[PDB]
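One structure is given below, encoded as structure tokens.
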Ligand SMILES: [Zn+2]
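Chains as they are written, first to last, in the deposited numbering: chain p, 155 to 222, 268 to 305; chain f, 71 to 109; chain d, 100 to 198; chain y, 14 to 205, 253 to 313; chain x, 87 to 338; chain m, 214 to 238.
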């Protein structure tokens, strides 16, 4: 248990350092290959889908809605970089939320 | 995409010594002798 | 003896685990692709019929951005090799020898 | 040792990026690095691409030789200086919280034992968790002690070590303390087995730890996360993004 | 005798002024070394500190100091391999070389400690190799490989352009914990940078030179402020033979 | 049972190559 916990610490740190993966962090890559062999692709269609997944990476954002304007309903969406863009700022958008101990530059 | 850093409040559940126990209990239940190689 | 940490009566309806293992990848894929299994990376590549290595390397350098360039390609190859048998190539082989 | 070079180098990168984060920050002078890290952190690959003819992009200029290179400072870029800033800002923030939580010549455990006893059962559990988390470091770096808001009932005062300097603001955590596990620390310890002469720092700093200061920190966070302008701004952003979603979904009819 | 004389001590042309204290203290040490070495061989494991092919009595000449290199080698790498043999001995990946632990517990959280240990271990091995006590003039099969890549209406200073790029990415790494390798990407060269927790085999590249820009790697020799002087000095003690004969098998 | 594993998976691979032409063309 001791060693398994010390790795379970580094198994958190490397994850939050970004370049390390897990089951629901690579399960989408299992899905990538799944549908690439399901609905066949050509190379340039692959580059189009890759630019699609780079536009759904650093700007795609959650809380997507749809109409059934008479009736509308909204629920949350898959991850991105922009959900980090919004979780780094207390979800406030104003990066000066840390009113506590911090050095200042004037 | 599914960014790694985001799912964290679960990745310290591990390094919390509460889930260390709740999974080492399973590992100990599993280290025993078993007589079934497949289903 | 039943090896260590290898669960016997593990199903697919049994919830998915978290450990990056060959067994874990293979069973998660069994859920995911339904029934596709490749005897190597290159069975998958003959199925994809013209998707080179870089054609997935760029896809994944995009998909997860904190990865570096060649590291995207590495995740590519590694998930292949882990749902397959590892590959016989002068790349891996010169890695082994030099190392 | 920071006022030697980093506190002397940062103020020359702050005035040049404060333009490019005007939509984030139009303030001016009163920017704590706790704002530079948060906005000038998420260093983009397609949004903050390298601006054409960038020398720390064309691998002709070292990213560390920017704040002296005026030729870059004239026509700068966003990421090509957002990272340099996201490193030096974070470094000085680590050293700040460091001297602030280390000044433990005063023997004052407070109703801080009450907090931690609620969270563990015993405060030795806490000193042990905190020494384990810094010794079990995937890298010679900085450990942090922070506050979380999703279980803040009893299970709050949560430690985590982070990469070389990435401070637990970039994941939206409220740092309460630091520990110096960097190689500059371990080489100082050497001057007197690594798995031992970093426990010689884990369970050494968790005693040189000025917990009073950190109690001011905990009540600072217990005031921020327990005030009302927090609900205000959060409901504001939760309506802003919801409207930006609805308008976009009602586009191509 | 070499097999008994303890693992760090140094026999001498004994002075014959060997006092009783002079002798009794060194025996007390040797008896300490004896039990720590009967302790090493049960703290020990699969991997070991790669021996180096050259003397390091003093410093690796005109590059590094005796004390500085003994720091890295004796403590930090011994640390790396010791935690690697803490971590791999006893997990489903036990006892196949770094070249297979890296690659089969690579890019993974649930074995993150494992992969970090593995990669850093190798890294140290390769820096060790890539050094040499008085430097190797870049060979003729190699210099032309670098002409084909970094010759832009240029003169004999093309390997100097590559040294330029070396120093450049040394300093464009900032965390002061990591590794800068000149590699061969399977298509072209590129001085890649390296965190603590990665290696050119996690990066699938052919390591051709190994630089160690860890803050601790030069803290004692010049300090953090002499990193440019170090990234220069490293080339009076790099091994372009190792580089080039790896590059040739890399190509074909 | 060993042959049963082998049968199940080869007929799943047959199904996959069937779904290939049935889904893309
Ligand atoms: Zn640039």
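Virtual Cβ for every residue (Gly too), placed ideally from N, Cα, C.
Task: Partner residues on chain p for residue 283(x), Cβ-Cβ distance less than 7 angstroms - done: 168
Task: Minimum Cβ-Cβ distance from residue 107(f) to chain d less than 8 angstroms - done: yes
Task: Backbone CA spacing between residue 273(y) and residue 113(y) [nearest angstrom] - done: 7 angstroms
Open item on the list: Using a Cβ-based criterion (distance less than 7 angstroms to any ligand heavy atom), does residue 98(y) qualify as near ligand 1?
Closed with: no
Open item on the list: Quick check: residue 71(f) and residue 276(p), are their CB atoms within less than 8 angstroms of each other?
Closed with: no
TODO: Using only alpha-carbon positions, find the residue among 169(p), 215(p), 305(p) that is nearest to residue 77(f).
DONE: 169(p)
TODO: Quick one: residues in its chain with C-beta nearer than 7 angstroms to the C-beta of residue 227(x), no 5 flanking neighbours on either side, listed in chain order?
DONE: 330, 334
Task: Closest by C-alpha distance to residue 170(d), when choosing among 338(x), 295(x), 327(x), 287(x) - done: 287(x)
Open item on the list: Threshold first: 4 residues or longer. Then list the alpha helix (DSSP H) segments lying entirely within the region 165-194 of chain x, N to C.
Closed with: 184-190
Open item on the list: Can you check whether the C-beta of residue 107(d) is within less than 8 angstroms of a C-beta belonging to chain f?
Closed with: yes
TODO: Could you tell me whether the Cβ atoms of residue 76(y) and residue 85(y) are closer together than 8 angstroms?
DONE: no
TODO: Could you check what DSSP says for residue 40(y) in three-state terms: helix, strand or coil?
DONE: coil
Task: 8 angstroms Cβ cutoff, residue 278(p) in contact with chain y - done: no
Task: CB contact flag (residue 155(y), residue 178(y), <8 angstroms) - done: yes
Task: Residue range of the alpha helix (DSSP H) that includes residue 326(x) - done: 326-337
Open item on the list: Tell me the residue span of the alpha helix (DSSP H) that contains residue 267(x).
Closed with: Element bounds for residue 267(x): not the alpha helix (DSSP H) but the beta strand (DSSP E), 265-270.
Task: Given 8 angstroms, three or more beta-carbon pairs between the region 183-196 of chain y and the region 116-129 of chain y - done: no
Task: Cutoff 8 angstroms: residue 79(f) Cβ touching any chain y Cβ - done: yes
Open item on the list: Tell me the residue span of the beta strand (DSSP E) that contains residue 277(x).
Closed with: 275-280
Task: 7 angstroms CB neighbourhood of residue 233(x) in its chain, flanking five on each side removed - done: 244
Open item on the list: Against chain f, does residue 140(d) count as a neighbour if the rule is that its beta carbon must be under 8 angstroms from one of theirs?
Closed with: no
Open item on the list: Does any residue of chain p have a CB that is nearer than 8 angstroms to the CB of residue 89(y)?
Closed with: no
Task: Whole-Å CB distance - residue 327(x) paired with residue 219(x), under 8 angstroms assumed - done: That belief does not hold up - the Cβ atoms of residue 327(x) and residue 219(x) are roughly 13 angstroms apart, past 8 angstroms.
Open item on the list: Under 7 angstroms: does the beta carbon of residue 160(p) sit that close to some heavy atom of ligand 1?
Closed with: no
Open item on the list: Would residue 254(y) pass as an interface residue toward chain f - the criterion being a Cβ-Cβ separation below 8 angstroms?
Closed with: no
- [ ] Given a cut-off of 8 angstroms, decide if residue 277(y) and residue 186(y) are closer than it, judged by their beta-carbon atoms.
- [x] no
Open item on the list: Please state the DSSP three-state secondary structure of residue 220(x).
Closed with: coil
- [ ] Compute the minimum distance between the beta carbon of residue 69(y) and the heavy atoms of ligand 1, and state whether it is under 7 angstroms.
- [x] yes
Open item on the list: Please determine whether the Cβ atom of residue 93(y) lies at a distance below 7 angstroms from any heavy atom of ligand 1.
Closed with: yes
Task: Beta carbon of residue 166(x) nearer than 8 angstroms to that of residue 201(x) - done: no
- [ ] Kindly identify the DSSP beta-bridge partner or partners of residue 160(y).
- [x] 187(y)
Task: Cross-chain neighbours of residue 291(p) in chain x, by beta carbon under 8 angstroms - done: Here the premise fails: no neighbours, minimum Cβ distance about 29 angstroms.
TODO: State yes or no: is the beta carbon of residue 169(d) nearer than 8 angstroms to at least one beta carbon in chain x?
DONE: yes
Open item on the list: In this structure, how does DSSP classify residue 304(p) when only helix, strand and coil are distinguished?
Closed with: strand
- [ ] Please compile the residues from chain x whose C-beta is within a distance smaller than 7 angstroms of the C-beta of residue 152(y).
- [x] 263, 282, 283
TODO: Determine the contact status of residue 280(y) and residue 290(p), defining contact as a CB-CB distance below 8 angstroms.
DONE: no
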